[PDB]
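J.: sequence unknown, structure follows:
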């Protein structure tokens, strides 16, 4: 649905530095979450937005995720 491209494939169609500056994380944490062997899918509004949707058989998270409670 929508532009739900993967985290890896997506980067291949655009670039590793673009998918990195898109989520707002370091370029290293990218090549590791992608060159490693994960399985995520970002849903882009198509207007250029980004909705990271990771799904690691056990819990799906946005990442970067939020949690202003015990911190």
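T.: Perfect, thanks for sending it. Residues are numbered from 1 along each chain as shown.
J.: ok, which stretches of this protein are helices?
T.: All helices of the chain, identified by DSSP state H, fall at 8-13, 16-23, 27-35.
J.: tell me what the second one is packed against?
T.: Which is helix 16-23. helix 8-13, helix 27-35, strand 41-44 (3 or more Cβ pairs under 8 Å, 6 or more residues apart in numbering; DSSP states H and E). For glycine as for every other residue, the C-beta is placed from the backbone atoms N, C-alpha and C.
J.: and the helices of the chain as CSV, adding distance to residue 62?
T.: Below are these laid out as CSV (distance: least, Cβ to Cβ, whole Å):
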stretch, distance to residue 62
helix 8-13, 15
helix 16-23, 9
helix 27-35, 12
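J.: now the ones you listed in JSON lines, with mean neighbour count and distance to residue 59?
T.: Shown next, in JSON lines, are those (neighbours: other Cβ atoms under 10 Å; distance: least, Cβ to Cβ, whole Å):
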{"stretch": "helix 8-13", "mean neighbour count": "16", "distance to residue 59": "19"}
{"stretch": "helix 16-23", "mean neighbour count": "16", "distance to residue 59": "18"}
{"stretch": "helix 27-35", "mean neighbour count": "14", "distance to residue 59": "15"}
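J.: no more questions from me, cheers.
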